[PDB]
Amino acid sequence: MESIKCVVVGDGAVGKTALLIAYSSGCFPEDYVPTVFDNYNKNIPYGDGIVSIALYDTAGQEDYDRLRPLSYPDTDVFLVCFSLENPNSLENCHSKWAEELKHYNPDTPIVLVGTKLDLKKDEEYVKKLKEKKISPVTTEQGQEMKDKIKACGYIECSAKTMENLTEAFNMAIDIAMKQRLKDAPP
C-alpha cells in the first residue's frame, strides 16, 4: 500500500468540485454542489499493488490566495484545471496557476486537465459559444500550454459524461508514482 496526495487547482467554475465528486461517486453531481469538496481517499490498483490517493479540493478565486496554499504541503501531484469552453481559464494556467505552484511547490509535478469536454463536443453549445465570439480550446492549444508550464501530462475529460475521467486520475497517479521511483536509491 502506497499513499499519494493530489490537490486540484484552477479558476472558479471550471469544474474542480464536479471532477472530484464524479471520481468519488461515479456520478455527475445530482444535487447541491459545495464550493469545496471535503477531502477523501480512493484505493486504486497500480502495478502489483494498491495506491491510496487522497484528493483535495480548493477555492480558485484570487480572494483565497492566502488560504488556498495552506493545502499544499506534502502534495505529490497537482491537477491544474481549465475549462475547454473557456479560453481565459487556460491562459490563467500560465499567468496564475503555474506561477503559484512553482512558488510554493517547485518540485511537485503538474497534470494539465481540460474539463467540460462534453461542452467542447456539444454542437449546440459550440454554436451558442460562437455567438459570443468564443471557440473551444483546441488540443493543439492545450498541448502547447502543457509545454509552456512544463506539465508532466495533459488530458481532456468530462465529469458529466465521465469521458476520460478516471484516466485523468490514473495519469496523476502514474506521474506521482514514477517520480517516487525516480527519487529512490538505485
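Residue positions are given as counts along the sequence shown, with the first one as 1.
Mean Cα B-factor comparison, 27-35 or 115-123, giving the higher one as deposited: Of 27-35 and 115-123, the stretch with the higher C-alpha B-factor average is 27-35.
Residue range whose averaged C-alpha B-factor is higher in the record, 100-108 or 75-83: Result: 100-108.
Out of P136, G142, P45, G153, highest CA B-factor residue: Across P136, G142, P45, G153, the entry lists the biggest C-alpha B-factor for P45.
Top Cα B factor in the deposited entry, candidates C157, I50, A59, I53: Across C157, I50, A59, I53, the entry lists the biggest C-alpha B-factor for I50.
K132, C-alpha B-factor rank within chain (lowest, middle or highest third): It belongs to the highest third of the chain when residues are ordered by C-alpha B-factor.
Record-listed C-alpha B factor of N92: chain third: Middle third by C-alpha B-factor.
Relative C-alpha B-factor of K148, binned into the chain's lowest, middle or highest third: Top third by C-alpha B-factor.
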